[PDB]
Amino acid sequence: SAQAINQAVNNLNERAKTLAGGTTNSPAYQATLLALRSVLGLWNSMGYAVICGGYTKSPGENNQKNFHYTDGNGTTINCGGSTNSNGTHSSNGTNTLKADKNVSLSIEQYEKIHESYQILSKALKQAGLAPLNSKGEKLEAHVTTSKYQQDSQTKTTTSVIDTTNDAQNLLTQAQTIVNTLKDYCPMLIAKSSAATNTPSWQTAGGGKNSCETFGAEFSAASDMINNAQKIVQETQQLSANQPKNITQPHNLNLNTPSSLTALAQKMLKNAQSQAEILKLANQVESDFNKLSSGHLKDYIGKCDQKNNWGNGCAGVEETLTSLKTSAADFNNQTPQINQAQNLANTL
């Protein structure tokens, strides 16, 4: 009957709008956010130890660049230099040897990580993640670096990037950070014989290859982003297939066997998109558990001269809880969606 069909349509559409447009109540949004915060947490946890500044074309370059971070305390990462045995800074360090896979990042590769990190961080701070069915809003991200001048001074530059807080843009930034590490596998700095405290994974003696130390972690973070991107794509497929209620229920010229079969198949596409989104959202939770169960187990989920390098400081545990709570709400509504499919299938 038309009463029953309109009920099933209203169930689908109400559930879809929460899923596509909700924040706190949408596991799609919470999964996407979890992936973004996880990548920020990854970089806050181990990014400081990444060796950078290997030369690209020529060792005559003698290139150095400094990259600026702010918690509210500020820190600075040098790429290219080293420290002399007496403690003074040397302009000849990692830049004396060639940048490539399993060695170090180039200055160009590091500045891409750094920029993506500042965009992602500042977007989430200034605007939050936009709803997944939204265009998002424009915002300005600031990226601060410095360079050494002829003999004397250090010149600091603050760049302004016009960017947005939509999921697709932010997932792209996260993907840049993860793929740079996973594809170029830079070496990590060892503990000595800008972090105050030393995490357990950063041992004295020999340095470790980042893909050896964090192979499982990088793969988990990469899968989180890829599944989040698919959530975003399914959410737009959901926003396309929005079935209409039957008006004029008794009018068989308006409501034909053709138009009602098209409606029924639109209802099924909506429901199948919803199911796939929730499955992806559960896979993101599974991948977060992979990410947070190895070397980063006592680090990624926590936050406390002084700086927060070595800890995640990204609110991942809070988001995980909100993912679980919202996912359970949608899972409890599965019976009213199964009957809505069974209602559509008979047509």
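In this text, residue numbers run from 1 along the sequence as written.
Unmodelled residues of the deposited sequence between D304 and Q305: 10 or more.
Per the record, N86 and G87 follow each other directly, and no deposited residue is missing between them. As listed in the deposited structure, the average C-alpha B-factor of 43 to 51 and of 63 to 71 is greater for 63 to 71.
Taking the PDB entry as given, 338 to 346 carries the higher mean Cα B factor of the two stretches 338 to 346 and 4 to 12. Comparing C-alpha B-factors across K112, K269, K208, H142 in the deposited entry, the largest value falls on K269. Between the residues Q150, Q173, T96, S219, the entry's highest C-alpha temperature factor is the one at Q150. Among all modelled residues in its chain, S121 ranks in the lowest third by Cα B-factor.
Among the modelled residues of its chain, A194 has a C-alpha B-factor that falls in the highest third, as given in the PDB entry. Among the modelled residues of its chain, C185 has a C-alpha B-factor that falls in the lowest third according to the deposited record. Among the modelled residues of the chain, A167 sits in the middle third by CA temperature factor in this PDB entry. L252 sits in the highest third of its chain by CA B factor, as recorded in the PDB entry.
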